[PDB]
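Shown next are two forms of a single protein chain, provided one at a time as structure tokens under the names structure 1 and structure 2.
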Structure 1
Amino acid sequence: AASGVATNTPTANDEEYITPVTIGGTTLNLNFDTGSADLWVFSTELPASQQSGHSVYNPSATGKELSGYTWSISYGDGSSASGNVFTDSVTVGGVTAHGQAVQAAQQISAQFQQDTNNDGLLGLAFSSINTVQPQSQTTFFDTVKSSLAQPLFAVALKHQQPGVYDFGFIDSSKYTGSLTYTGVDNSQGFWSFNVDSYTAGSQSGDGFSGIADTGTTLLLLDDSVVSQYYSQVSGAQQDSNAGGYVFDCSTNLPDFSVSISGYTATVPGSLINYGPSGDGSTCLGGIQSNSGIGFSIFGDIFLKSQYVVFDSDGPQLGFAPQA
């Protein structure tokens, strides 16, 4: 049976996490994304100027076209990418997926044109929302999961330290105490779970649903919850140059917790200071608005507090405080 450890590294301020992936013998640095289901890469089909600063996939060297197949994906922040499809050998953490669909980029939006930190994305959401047309393809995980010792993966994302993606096994040294599991709703292709209640510092409220999303930087919550949280942060104000609510970097931030099948998942206030806001001299908050979508995005700010098991049996999510 197979298993492996893929090492992730955060970019500056932990904006995204990058993990090396070998595709047909070329290693690319990809953004592992439990919020989407596409494995797409910068490729030799992009204009040369857009290849600069990246490792790129050359499908002609090792890939096998999926004849007449295309892909086009659009993400929450407005970014997008599109192209055509080849199958190839894809190795993550020493685990090789043979005949894995690799989505070669022909077009990339401005955001990807300005991010030289990654060479594309490796989706880890359910394969049902893979965007390949006319028939969707399986993610790296779904391709290999019956070959793994257990059909799961697990993630430790850290603040300014390398972390792990564990494929096919649970590393019990990555958390304190025992895991608490909660059922997953995969009906929209996400690792969606329910929280029974929340605590935003000195205030608490009713539950909601959200998705475990390694591809999103922040913890995105309902505006009511954001407002409740920052009402407790002295001098907090919206700064559109920075991305949302900002505050003095020396601020002692309240904790944020959620109730998950009787387990309290707590994000310490220290992790809710995302980093210098950029423009001037404030820091950006790790909690921000979900734009009114009616569910929450449990992005990297939250994940840095937990070890999280993504188990296809169920499916279910397992949580415990990171160690």
Structure 2
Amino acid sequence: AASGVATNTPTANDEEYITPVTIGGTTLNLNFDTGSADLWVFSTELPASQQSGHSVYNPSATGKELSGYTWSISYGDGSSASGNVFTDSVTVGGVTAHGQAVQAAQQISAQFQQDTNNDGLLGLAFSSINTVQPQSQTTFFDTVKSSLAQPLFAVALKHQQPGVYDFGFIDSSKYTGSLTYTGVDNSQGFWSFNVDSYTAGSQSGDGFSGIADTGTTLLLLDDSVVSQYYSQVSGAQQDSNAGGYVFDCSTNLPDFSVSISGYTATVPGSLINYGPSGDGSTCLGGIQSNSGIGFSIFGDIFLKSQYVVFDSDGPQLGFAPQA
């Protein structure tokens, strides 16, 4: 039964976490994303100028083309990417998926162009939301799942230090105490779970639902929750240059916690200080608005505090504090 450990590394300020992936013999640095189900990469099909500062996949060397197939993604921030599809061998931490669908980029918007830290994304959401047409494809995980010792993956993202992605096994040395499991709702294709309650500093409120998303940098919550939080931070103000609420970097920030099936997952105030906003003497808040999308996004800020098990049996999510 297969198992493997892939190492992840945070970029500056922990903006994103990249991991090497070998596709058809070429190693690319990809962002692992539990909020999407596409495996797309920078390719030789892009304009030569757009290929600069990236490792690119050359489909013609080793890929099998799926003639007439397409993929295309549009994000709420206005970015987008599209292209064609090949099947190839994809290796992640010594686990190899034969005949994995690889979405080669043919067009990418400016935000992807400008980010030379990654060469694409590896989707770990449920396959039901893969965007390949006319027939959607399975994610790396769904492709290899049946060959793993256990049909799960676990993540420990860290603050400016290497972390891991464990495929097919749980590393108990990565957390303290025992795991607490909660049921997942994959009806919309996400690792969606419910919280019973939340405590923002000195104020507590009713629970809600959210998704576990390694691809989102911040903790995105309802604006009522965001206000409640920042009403407790002296001098907190919104700065469109920075990207949302900012504060004096010396600020003492309240903790944020959520109650999940009896377990209190706590994000310490020190992790909510994202870093310098890149404009004057302020820091960006790790908690920001979900823009009225209707559900919360438990991004990297939240995940840096926990060891998380993504278990396809249930499906369910296990949580414990990182060791």
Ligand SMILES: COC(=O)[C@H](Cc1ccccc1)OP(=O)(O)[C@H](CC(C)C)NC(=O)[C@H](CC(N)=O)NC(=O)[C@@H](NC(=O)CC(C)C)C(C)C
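Residue positions are counted from 1 along structure 1's sequence. Throughout, rigid core stands for the largest set of C-alpha atoms superposing within 1.5 Å between the two forms.
The chain appears twice here, and it is structure 1 that represents the form solved in complex with the ligand.
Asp77 is the only residue from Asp171, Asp185, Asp223, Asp77 whose Cα shifts by 2 Å or more between structures 1 and 2, the rigid core being superposed.
Shown is the Cα shift of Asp279 between structures 1 and 2 after rigid core superposition, which amounts to 1.5 Å. Its Cα shifted by 0.5 Å, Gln203 is compared between structures 1 and 2 on a rigid core fit.
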